[PDB]
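Report on one structure; see the data block that follows.
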Amino acid sequence: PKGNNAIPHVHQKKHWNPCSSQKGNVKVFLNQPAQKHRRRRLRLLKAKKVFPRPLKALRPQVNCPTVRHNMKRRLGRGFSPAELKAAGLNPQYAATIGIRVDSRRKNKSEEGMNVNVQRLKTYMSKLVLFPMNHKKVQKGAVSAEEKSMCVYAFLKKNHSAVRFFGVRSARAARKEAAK
Amino acid sequence: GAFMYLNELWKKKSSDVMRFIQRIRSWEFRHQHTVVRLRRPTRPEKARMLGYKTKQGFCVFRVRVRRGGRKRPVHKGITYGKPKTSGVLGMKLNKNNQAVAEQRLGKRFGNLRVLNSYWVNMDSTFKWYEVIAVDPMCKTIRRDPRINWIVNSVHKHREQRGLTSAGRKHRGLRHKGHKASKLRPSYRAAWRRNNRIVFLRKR
Amino acid sequence: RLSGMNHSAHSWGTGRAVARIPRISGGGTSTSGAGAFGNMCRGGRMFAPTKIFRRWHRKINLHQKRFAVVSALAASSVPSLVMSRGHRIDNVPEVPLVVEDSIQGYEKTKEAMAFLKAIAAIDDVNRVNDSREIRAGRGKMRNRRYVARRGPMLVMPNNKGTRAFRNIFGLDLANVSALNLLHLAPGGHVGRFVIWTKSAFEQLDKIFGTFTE
Amino acid sequence: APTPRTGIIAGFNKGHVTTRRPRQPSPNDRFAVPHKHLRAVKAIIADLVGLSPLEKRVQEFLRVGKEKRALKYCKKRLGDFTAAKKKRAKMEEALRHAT
Amino acid sequence: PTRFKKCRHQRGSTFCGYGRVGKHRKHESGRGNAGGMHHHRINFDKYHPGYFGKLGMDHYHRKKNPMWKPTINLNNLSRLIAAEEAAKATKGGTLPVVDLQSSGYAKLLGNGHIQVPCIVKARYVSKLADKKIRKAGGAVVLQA
RNA sequence: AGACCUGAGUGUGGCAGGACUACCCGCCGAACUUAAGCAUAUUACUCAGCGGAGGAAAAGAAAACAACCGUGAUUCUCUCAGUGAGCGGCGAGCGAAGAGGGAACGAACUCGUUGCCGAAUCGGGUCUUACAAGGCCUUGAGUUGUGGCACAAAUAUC
RNA sequence: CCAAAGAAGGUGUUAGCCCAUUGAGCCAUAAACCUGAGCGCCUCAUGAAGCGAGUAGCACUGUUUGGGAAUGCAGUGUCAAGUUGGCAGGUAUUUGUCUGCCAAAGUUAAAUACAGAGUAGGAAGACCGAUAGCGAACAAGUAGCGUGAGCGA
């Protein structure tokens, strides 16, 4: 190809254009806003039928999985059957009152279990059950201490502690494996 | 448990006894039609595990499937085009023999609906699968809470789309995620996700 | 996509003493042997058939959209631009014309008329009203029959208070929280004649911000 | 009682600090604990049907004293050593109990 | 805007600027990148040296998350400090804490007379970045 | 004599059969084309052929990701990413996945097995305003097992 | 002169006022549908042990994939474990730990597709304007052509 231009990698070889011959895998979003007004109209109608039940279920605060996202926190799926036991709620019941439950969650920290528990509690307070069986029956400043730690040398020493762990023990044996 | 002593026995197939019993049966089946009904299945613990409860509207048919690789049905063995496709007596098909054994009952008997099949005998020639069917029109079934889903029209021919357990295997659906990303929910669905050319309204 | 295509047409080729374009195959009809599959052929394809995946909608920088409306208002406060942008503006008492907040209280429309005649705006809405004609063009047949000149938009801060003006020919109600260029500078030309209601006119300092804050 | 992680990002017990809860007992935990009933059931059905033909021959390799062959023959016909080393180890004790 | 296109100035030229002798035709050189080693060799070995061959060891299944180090310079620690924290800072005094893994960065590099002294919470540090902060009256408290 | 098992004939009650096929789901499945030739490759797991269904279909309730302060059915969108992945006469070309922002979401359940029960089951007649999720009856099916109770959202069955 | 109605259709010329529309509301109503799971009535219900076998694997072959000493699948051969078990953790082997998870049975709504479907409806378009736009503004998949598949104004 002619000139200094970049080497085109556009992948259009497969049949996509719907040429008078063929059909062709073209997806077009011209309906985007009409489906924007539709998803809303259907959140309202369900809000109008669900009344007076809160539109979306209660769900936990959850840590993001990888080392890129540890700093970040979002809303996971369910509350554990453990975290619900702490707040006193058994599942199969909290299921009906609009607390989203999932049996698979490991709660492998306490500091993570709490944040969901006091997230349960402040929900239970504001919760108004309506009477079920009958209307009448009514069942019940940065400082600086240690001047100089030479921080880096402490990061390597622990970093190169693992990196060489394999070679360092092998040497450590075949060195003393002699006699 | 009774199911255990019986099930741990079928798990020694190569033993002298389960070689001998199996041998007489291969003989007897060899002399019978491709599709033949039994009053009750020959592996009653396996038919139940696969869903056969003894009630009205529960059928078990044995089937024959001739075995071996697939010879392409091209005239005089002559294939055109470029040589990559030139082979015959070389491809292995894709559907199982079993997924065929369920589809053999697929058009021959129209009223029935198929649940699952299971391996029975194996020879140097045929291979037998007993297919468990069910009736959409049986009264003991519609009023049964557990199988009355089969009466729905969505399940009408569920063997012909590969929705049974034999059909779920060859579609690659046993391995869930990451062993199959590209074939789920189905190859044609994942192929169409990846191969669309999508135009965002605002570019 | 199939337009100007469905035919069995092939080309006769050389040796037939005729052009080499493809020709319809068959017999006994008026179009037997006629040309096909080309933009030149009567009824062939169009040259490069139009598509739905044309780029219809342009992005705009969020900032420039703000800059543009802001910049479009500073032209609404200048009587000289508004003069030449076309509005009469002869008897208008003052450039950012401003009116009371009670304007939202009208209910009958007959009263909102004598309002417009009181702040003099009835002279412009008679420029819109006397300019209504049937189009010159094919647009008549598309669903656009009539052309009107653009009028004296009126800006009411809440959605409420619309009524008392709705049937006025050529006046454009607008909320303050949502202001769009297309009505502030229709045609790209800047300095529409605007009428700000008192509670609306106050909102600006806290909506569009100011220098330094 | 798992060890706590050190706030450093490397390399022994790395990672930001929380208190770590022990693993909870799960229904899957019974997979490791021995099955006393099957080993009794798989005993009869074994005694019942006699010996598999693959098991016949590895039975004999042990008699002669060839061992590594009794291993190799099982790998070929099984495909894993942990499948095979659970086999001749099952066969070495088949000669034990008979005498 | 098809009214500004070069086609619209070329009505009447009959050749549309593609030439009378060598005509426009279809594909002169092969379609696309075709001809890399052969009849385009001068172009790909002039403007694009290195396009051909294999290099380096092979990493299957590359997930970019476990390797994430946006870094930053000492020179650039200002914009992680709001105004009025940077106004009050001194060596030995009280000075603002700058967190990185919350600010979207990981390593702390060298390259500058740190402008505003700080205590910076950083996953990774470097040798010469360590000294300057430690020397200029800040500190480095590493996190994970 | 009679029973059981296996297999026939007839009556009684019903169903499958073709159409539609844009989308969807199984199989079968090319070449033109690109590589400036052409054979692997590409076009393409596409057109054509065969089978099947819905108002969506398919998927789905972890033998899943990750290696983390850890996420939590399926589908879908943005982005990951036309990729310092990877595949490739390592040429032409091909090309994903987890994470993240979101749509949705009352979202989950029952069989087999095991343990305790052991015909409590199903059909057919009839009766109750009723082809009752009912009462009665019934060698008719069914013990070669229908059904009830509990399995981690658990932690006694009248 | 009307405007909570300026709506864009009709009429012998260019219509807010010649007509129809334009809008709060009115009557009629198989079942379903929706509402203190709408509300009464008779009967009817109801708060130690194991966990899926010609299966998973493995070899050969063929196929498909970004999946590389093999991602998935198929044919044939071979064929498990469950007594610290099994699979996955993207370089094969052997060995020790470590993390997740429990395959070989099933049902399941929404978010998703309509790329040459259909039904009963409604909105329109910076589009074409009778050699254009569907092949078809019209007694058009008609007249006409071919033995026929088909062709087709």
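Computed from the coordinates by the stated procedures, all read-outs in this text should not be read as laboratory data. When we count neighbours, we look across all protein chains shown, and the Cβ atoms used for this are built from the backbone with ideal geometry, even at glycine.
Results, tabulated for the structure shown:
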item	result
Rounded to 5, percent antiparallel among DSSP beta bridges of chain C	45 percent
Candidate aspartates and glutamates - alpha carbon under 12 Å from D:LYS56, same-chain residues fewer than 8 apart omitted	B:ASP16
Computed FRET value (nearest 0.05) for E:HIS9 with B:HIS75, which takes r as the C-beta separation and R₀ as 41 Å	0.10
Sites A:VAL128 and A:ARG104 - FRET efficiency at Förster radius 30 Å, r taken between beta-carbons, to 0.05	0.45
Selected from E:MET37, C:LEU204, C:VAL69, residue furthest toward positive end of dipole (the protein assembly as shown; charges at beta carbon)	E:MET37
Inter-part distance where the range C:142-204 and the range D:42-91 are each reduced to a Cα centre, Å	92 Å
Cα centroid separation, the range C:94-130 to the range B:150-167 (Å)	71 Å
Antiparallel DSSP beta bridges within the protein assembly as shown, percent to nearest 5	60 percent
About the Cα centre, charge dipole magnitude for the range B:1-144 (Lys/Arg +1, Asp/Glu -1 at Cβ), debye	480 debye
Sorted by Cβ neighbour density within 10 Å, fewest at the top, the residues C:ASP124, C:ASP172, E:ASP45	E:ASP45, C:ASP172, C:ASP124
Estimated dipole of chain A in Debye, rounded to 20 [Cβ of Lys and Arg +1, of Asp and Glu -1, Cα centre]	920 debye
Sorted by Cβ density within 10 Å, fewest first, the residues B:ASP135, C:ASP90	C:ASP90, B:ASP135
Mean projection area, nm², convex hull over Cα of the protein assembly as shown	70.3 nm²
Debye, to nearest 20: dipole size of the protein assembly as shown, +1 on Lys, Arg Cβ, -1 on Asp, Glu Cβ	4820 debye
At 1.306 mPa s and 10 °C, Stokes D of chain E from Kirkwood alpha-carbon radius, µm² per second	75 µm²/s
Ranked list, fewest to most other Cβ atoms within 10 Å of each Cβ, for A:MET149, A:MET132	A:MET132, A:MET149
Spin-label pair C:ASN159/B:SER165, simplified geometry with 7 Å Cα→Cβ offset, distance in nm	5.8 nm
Relative packing of C:57-69, A:61-73, which averages over residues the other C-beta atoms within 10 Å, highest first	A:61-73, C:57-69
Ordering of A:82-89, B:72-79 by burial proxy (mean other Cβ atoms within 10 Å per residue, highest first)	A:82-89, B:72-79
Out-of-range pairs (alpha-carbon distance over 18 Å; input A:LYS108/D:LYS14; A:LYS14/B:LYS179; E:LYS107/E:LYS131; E:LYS91/E:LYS132; B:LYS71/B:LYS169; D:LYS36/D:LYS75)	A:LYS14/B:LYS179; B:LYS71/B:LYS169; D:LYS36/D:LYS75
Cβ-Cβ FRET estimate between A:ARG43 and D:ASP47, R0 fixed at 51 Å, reported to 0.05	0.15
Residue-averaged [θ]222 nm for the protein assembly as shown, counting only DSSP H segments that reach four residues, each worth -39500 (n - 2.57)	-8500 deg cm²/dmol
Cα→Cβ-extended label distance, 7 Å offset, between A:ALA82 and B:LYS182, nm	4.0 nm
Charge dipole (the range C:1-158, unit charges on Cβ, about Cα centre) - positive-most of C:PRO49, C:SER11, C:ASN126	C:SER11
Nearest 10 degrees, 0 to 90: helix E:127-136 Cα axis against chain E principal axis	50 degrees
Long pairs among B:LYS11/B:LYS55; A:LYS23/B:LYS182; B:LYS76/B:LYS156; A:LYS48/C:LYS160, criterion Cα-Cα beyond 29 Å	B:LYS76/B:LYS156
Inter-site label distance for E:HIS24 and A:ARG174 at 7 Å from Cα along Cβ, in nm	7.1 nm
Along principal axes, Cα extents of the range D:8-69, largest first, whole Å	60, 32, 14
Cα centroid of the range A:86-119 to Cα centroid of the range E:84-117, whole Å	40 Å
Choice from B:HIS175, B:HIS157, B:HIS33 showing the highest fluctuation, given a GNM over chain B with Cα pairs closer than 10 Å	B:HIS175
